[PDB]
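Given as structure tokens, the chain that follows is alone and in the form deposited in one PDB entry.
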């Protein structure tokens, strides 16, 4: 796996901008597993991500008026046969209280990788850490970092 992904400059279809409310998941205490992920309300991503690749994306996101680099996993709801998109976001290097029922604004800037067949907790944790390291490296580039001041965040 490379330590950086995507073109030097943001390229279509990015940036993809959207907002959704942070709601609970199913019970996977990610927060305690040291890798807290915020589930986005399903109503906000159904049509928008329906034809986008499942996997891990990166970009910026804002909640409680603060902006953070982030990674986002996009998959399908396993509880229903009717294809239902799901998206969960992890704000990178954030310190603060929880933000359930809060509106998060997201700006997707690039794709990291497709979803891997679940191979256990340890592996999942490793992949997330690598994803974070790659996200930060990828947004170190000017064309990307400038979106941290995008009007959508104003």
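Rigid core (definition): largest C-alpha set, two forms, superposition within 1.5 Å. Residue numbers count along the first chain shown, from 1.
Across the other compared structures of the same protein with both neighbouring residues present, residue 84 lacks coordinates in at least a third. Here the stretch with the larger average CA B-factor, out of 115 to 123 and 46 to 54, is 115 to 123. As the entry records it, the average C-alpha temperature factor is higher for 24 to 32, out of 24 to 32 and 90 to 98. Per-chain ranking of the deposited C-alpha B factor places residue 133 in the middle third.
Missing here is the form deposited in another entry; even so, the following discussion is about that form.
Fit the rigid core and compare the CA positions between the shown form and the other one: of 35, 67, 104, 92, just 35 moves by 2 angstroms or more. The two forms, fitted on the rigid core, differ between the shown form and the other one by less than 2 Å at the CA of residue 118. Once the rigid core is used as the reference frame, the Cα position of residue 142 differs between the shown form and the other one by less than 2 Å.
Relative to the shown form, the Cα atoms of residue 20 and residue 94 move apart by 3 Å or more in that other deposited form. Relative to what is shown, residue 94 and residue 63 are farther apart in that other deposited form; their C-alpha atoms differ in spacing by at least 3 Å.
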